[PDB]
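For reference, the structure is listed below as structure tokens.
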DNA sequence: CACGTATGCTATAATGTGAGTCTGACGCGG
DNA sequence: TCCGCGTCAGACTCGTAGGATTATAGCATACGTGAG
Ligand SMILES: Nc1ccn([C@@H]2O[C@H](COP(=O)(O)OP(=O)(O)OP(=O)(O)O)[C@@H](O)[C@H]2O)c(=O)n1
Ligand SMILES: [Mg+2]
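Chains as they are written, first to last, in the entry's author numbering: chain C, 755 to 804; chain R, 53 to 329; chain L, 2 to 1342; chain Y, 253 to 503.
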């Protein structure tokens, strides 16, 4: 994102900085649910081969 | 890319000749006398009629093709027992046969546990009655309300409605996702847990030891009666077949064996402990 | 100006932004939507009216008979919500519909004068929505979650590369109806326009126009601009439009008049263009070689022969030009097609099109959908017209037509549900405009393209499906039957419609068990939006783009509330102020800014309307009754944010809260919390189990009261007035004359729900808030629900918390709690689980519910009464029998060991088993209630009969007290009317009230009032009779159960669970923990004052977590409690009401720029001491979300409490007595006990039952299951050495049947030897492969 | 099999076998009856459709939907999928002498120990109790031993304490990414329902105590006990299988 | 001989069908 | 070499819910086995 968050958590994000934060946060959380799958599929392919 | 069994067959039926009245009479007279070609043409020409009835007979049991094939069996019996001498048309007579054979197959094959036509016919009347009740009673029919209307037994109405209850798939996953199928919940009841099977082994082994702890003529008259050591479970009177050959002395000795063994369970530490069991 | 319940306890507000609009009713969507479905509208096609008019009238295939719809009506519900929940039936109304069978003559042309048969037929019961927003389906409260789907209309999208490593952007249009086949247009790498009907095989786009009867030349006239070529004398000329060239390179020397403008081989800039246009250039001379390639528009034929020289859409040549000239044509219309802006797409598509005329096109379309089947002309016309041009099979709906027309830039919103020939061409035009460069592609993630379906639309659709199934049956029977004997009800079946709707409200993905741990859980579940289930996305289908926060979610959808899981991003909580527009798009309130001044005029803007205006931020500073203080205000438009001048600003955010959802609005210092942690915080508040003592939150936001009231779990006063009678069961209020209607008696009765089971087996208890003889207004809280304090929402309990390590007892989030917490029974919770015992009928015989049970201790049977049912109030523990039952056994063929055993004790105990319902193992509690459901015919149990005696007498008492209080209240009014113009005070009281039918006065308005009160009295007199007969009938009524089932006994247990190690606790900043140890009071860190801390939380679970909210909550919590401790001290010493008033006013009016004013004074002395008594256990403070308390305000509040500004204190270790070597942050964190109790999750198994086919042990604690030893877990043993451990796990522990018993025997024998075998799963595998017809044999050594 | 409700429940293979038999027998009939060839053909198509559905449903085009709309599970489907029989019932299974519960800290423990709830351990070592009970002659037989455990008699606790001594138990956490996701410990009987985990091994399990749960497994044989104590013990697995750096360390 | 189960026949003419779509990726075969 | 086809996609946990859906005709002779 071209606009960074100027604030910190002690300062309090404002409504716009918090909303902009959400994107990164949720992509992180979705990443843990979804990517652990291709990660895990790689573990299993490796195990079968060796 | 016509690959579908259905569209292929319906293409082949369309490709047939359609029969008239006088043509039906010519073919039908030759057919009953035993013409090969006449039979084939009357069947092949009237396939369209089966399909029409088969089309208004789906979503009830089998698939369209299934219904079609069954209906076709009715067409053959129709051609077999058609009367061309009677002025009345074939289509009218065939319709009965086609509907009959389709319905009969739908009453048998549809249900995994094969339900007899007799119960099915009874069920029809119960259901039709329920419908008329529902239209006037804004609520739905009770078993007792249906029984009152037919003047029949509540028990008999309930037995029938029970047989209406249709079958659950074991292979079907239930937890919405394919999380667990019903098979995985439902345990083998006929198979005992190793805990239970081991307990019976302990009792069976203890018996041999218990038989070789009392009197030699007390374990030889108690065991062979219950079928514990013997091969066949005999009665007080039947223990005479071995060597006992008595009725009174067998009954005194059976109970004498059990009385000395009741003291053996009181002293080991069971008796009232193993009475709840 | 504060209400009565607020006078008892006022929350201090640190908010500074005045709220122009109040939080709406939070359960608006569910109620409005379903209300529209059942709502009787004559015109406005909504729910049923629409459904009937759409399908009906149904006319027969013969056309003699037709069935037409008149009107419908819902019968009143057979059972109340209460009886439905108990009995386990759907709460529904019978649907009675008036239908008229009209018959035509076949002999007369259309004579309707034969038979009209009109009757009111039953078609199903429709489930009704509760006042709260729920449905009770088979005795279970369920919510039908609103859905989010792609809006009907048109959408222009594009594979951004994807296909062809060429990397070509292929543009496509998709026309989406509400019902019908989809119409796709798409481009091919070679720039040929294609049509996919119903996403089937590809067809050339021009073919569809031929089917709509377009000649080649008409098609070309539609897409292409004509360019005229005049052939003058011998030289070639063409009519020029100055611009057309524009950004092209001149292929010839362009000469105009006599003078050369372009140089040949140079690019024509803007100067050349304006020079040519101003010179008024209309003819330019051109070489003959330039036309080689140009496309002719019309058919040009030889006027002499009358044969075609060139067909339309044909590439011209030098010789075709020559032939054209000499025939006598000196004008040639050619397609303007200059690449770049005007592409020849349709021209090339016509060359790909194998079809010629309309018929050939209709045949090819017919052959696509129905490949193989020979065409007929009737068949092809019928199919094509029935695809997109039939009113019955195609319907864009109002929203489809509206979004369609706006996408094609129309003026008219409303129109036809069927696609016009004009529509299709306009869509193709726009597609090609986009592939030209003049146009943009619609966004799929844009909320302007995602629409909300709540309930009413979805119930409507299922109901239409039911009707469609009925239409086939109806039309079928109308044609076959004789018309005159046959009435309409013998044709209609109710079971198809009832089945369609039952499957929606019962089987459907969006119908799910209400989430009922706590009020917030309920309220948030009812405002859920799911993109999943039918007509939506799947987890497989769902990408990464859909899941992420879209710019348009601002003010409509919460960006911080979504399941952390596979459903992340597909499920969304609705925002606070958000609502559905008439068409079902989401919209958000905004304050209109007029001439720079910010009005209170409030406009709800849809996603698409929002893009157009510049909206200022809520935090933007307004100047005292007019415009913005600051010159450059921070605003947002076009989906992005920056500074703007004041004149540019159009609108502004209504509240600072509107971005956030309900759940997140309850997090105090959200502003200081990372969005991830905040998500889990809002998510765990829903898991909070209500405690025995519902404790308010000291650090709140203000949404607390809104949520508690709107959830419906609190009893709120409609009428108000003064409380006549309080009871731990009921509240009767006498209404005030101003709201009290003069018709009925003016006494409201709220019956409180006592200790009842939830879906999660939690406890639902209503307690009375107000005292006897308290005055209350409309909308005052009369009784508190389960997790609510005086009107405010109370999900858990606030605690003195200190941030510091303990002896590893708070290692990784692990929590150290004081014994004082357990003692004070805070976080003690009571669970209410329902257990049923079913008496069925088997092939062997009916099961008996007798107390007479083979092989059972007198200890066990002591607790069962005559019938075999446990007593009310009886405490029970695992294995105790609740309802005794025995399964009849037929010819039990016992063995010699069993026959000798049965002979020894002689306890033959008849031919019967023991299948008694007994308390599940380890669960222990008190029987609160028992219910018995019997079939009508079978003789009632002794215990069932005494239960009915109780219900009957209790019913009689209830109704009697109704008529008595209602008669007393009604004559109390007659007494006041009679005094009006007839003074008889003492004289009227002496004669009996029962003999007042004679009493009147002169004929005025007051005599008419006496008549009203007398007619009501008698109305209530008969009403009481028919009510009592209804109650008596329901109590005697024997219930229709499942087939097989003779009777059912439902036992309700109550268990009290104590807090304990393993139990899961959290805060509201997403901060979880498991309790590790309960420390003695002596051991816990204590203050200089000697007061021990309740909880010791680990400092290291804060800076890593980046939820700083919890620490601000702790500092403010201590400051709140600081002021509570001062008020507690002043109340202990009585002191002056004047002095308390002083301190409390200085306190409420602290904040630097506090919005909330509290002019204490007006409060009467009695109101003030009731207020102080509540403020004593800590002054409750509200920190709005994004308009919260500042650090400086919190430190200022701490100074008012004489607590430290650092909010750190000197602490002493309870064990040693020595001081901790540095100050520790202490204060009050509001903590929650989540549903995840160790009591429930704890499970263990040695040996148990085993699965049917695989012979492996079952899974799950409810099935007494072994833990799954997965591939992952196997590999670990493989990495190690552990080969015996692995074989164990594969064989004697799972399948190996012989092995497991043999090894059990060895372990009791103490041999610890395995003796392995063959796993039964492998034997199955073999059988499964041989069933495929593959020979798989074991080859021996 | 009969469900409790009096209803029956069956495999979809029964529906597929019945399809095949009905159409096959109907084909026998139409051959006995000398039916015209178009009808014979339709029946032969339908017979091949039914067998192909029975072997592998969904491969031959549109799979045959049963009762809900879900395609009937065929023979190949029970072998094939991850869910088939290989991955689900054969490369991993559900297991006897297995338990689970919430985990919580045990800072008092030594590295080779773990807090095991009393009631959980009572159940896991049931056969081992039965065995010592009969060798002490405190229990006359197994069913009396079971009833002594059911009554949870005071002498039983003392015997259970004696069995657990020097007996290793496997703790497992999902997901098991690497071999240290299973470790052996000597158990310590504790009052309370939560498993107590040593802090220093929390790294290998990726265990944090905000409600995670662990599987418990009892190695039965002498061989399995020795493999747990020597190979899989916490103390003996200090270094990781990947890098040479230690995984067990204070935090 | 009664009870359960099955195969029989009905004569106005009627004779042609009919769900949900959209993941993104990769590796062969025609 | 371009494009329909078909095989892929983490590990354990618990809590669940529904049996719902459907229509078939009615009656006589024949086929076959079991009770008194
Ligand atoms: N869907 C999930 C969630 C969690 N885990 C495992 O459980 C661990 C702990 O999850 P969690 O407690 O949510 O994360 P932490 O990093 O411990 O953070 P915190 O508890 O402070 O939120 C994850 O890292 C992961 O190994 C997983 O495998 N799959
Ligand atoms: Mg965790």
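Cβ coordinates follow ideal geometry from the N, Cα and C atoms, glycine included.
query	result
If we ignore side chains and look at the alpha-carbon of each, how far apart do residue 143(R) and residue 72(R) end up?	11 Å
Check residue 459(L) in the structure and name its three-state DSSP category.	helix
Among the candidates 695(L), 752(L), 576(L), 70(L), whose CA atom is the shortest distance from the CA of residue 117(L)?	70(L)
Just to confirm before moving on: does the CB-CB distance between residue 783(L) and residue 751(L) stay below 8 Å?	yes
Over what stretch of residues does the beta strand (DSSP E) that includes residue 148(L) continue unbroken?	147-151
Return the Cβ separation of residue 51(L) and residue 461(L) in integer angstroms, given the expectation that the two are a contact with Cβ distance under 8 Å.	7 Å
The beta strand (DSSP E) that contains residue 369(Y), what's its start and end?	365-369
When the Cα of residue 290(L) is compared with those of 1287(L), 659(L), 254(L), 559(L), which residue comes out closest?	254(L)
Using the DSSP secondary-structure output, state which residues sit across from residue 1245(L) in a beta bridge.	351(Y)
At least one CB of chain L closer than 8 Å to the CB of residue 53(R): is that the case?	yes
Of all residues in the structure, which have a C-beta closer than 7 Å to any heavy atom of ligand 2, taken in chain order?	460(Y), 462(Y), 463(Y), 464(Y)
Establish whether the CB of residue 210(R) and some CB of chain Y are separated by less than 8 Å.	no
Let me check you understand the geometry: is the CB of residue 236(R) closer than 7 Å to at least one non-hydrogen atom of ligand 1?	no
Residues of chain R with CB closer than 7 Å to the CB of residue 393(Y), please, in chain order.	254, 258
With a threshold of 7 Å, establish whether the CB of residue 787(C) neighbours any heavy atom of ligand 1.	yes
On the DSSP bridge list, what partners appear for residue 1057(L)?	831(L)
Taking the beta strand (DSSP E) that residue 654(L) belongs to, which residues open and close that run?	652-654
What whole-angstrom Cβ distance do residue 570(L) and residue 780(C) have, given they're in contact under 8 Å?	6 Å
If you reduce the DSSP assignment to three classes, tell me which class residue 1094(L) lands in.	coil
Going straight from the alpha carbon of residue 1039(L) to that of residue 493(L), what length do you get?	30 Å
Is residue 604(L) helix, strand or coil by DSSP?	strand
Have a look at 1275(L), 1273(L), 1250(L) and flag the residue whose alpha-carbon is nearest the alpha-carbon of residue 1266(L).	1250(L)
What are the boundary residues of the alpha helix (DSSP H) that includes residue 142(R)?	142-160
Run through the DSSP bridge pairs and tell me what residue 469(Y) is partnered with.	350(Y), 422(Y)
Along chain R, in chain order, which residues have C-beta atoms closer than 7 Å to that of residue 285(Y)?	128
Give the DSSP-derived three-state secondary structure of residue 441(Y) in the structure shown.	strand
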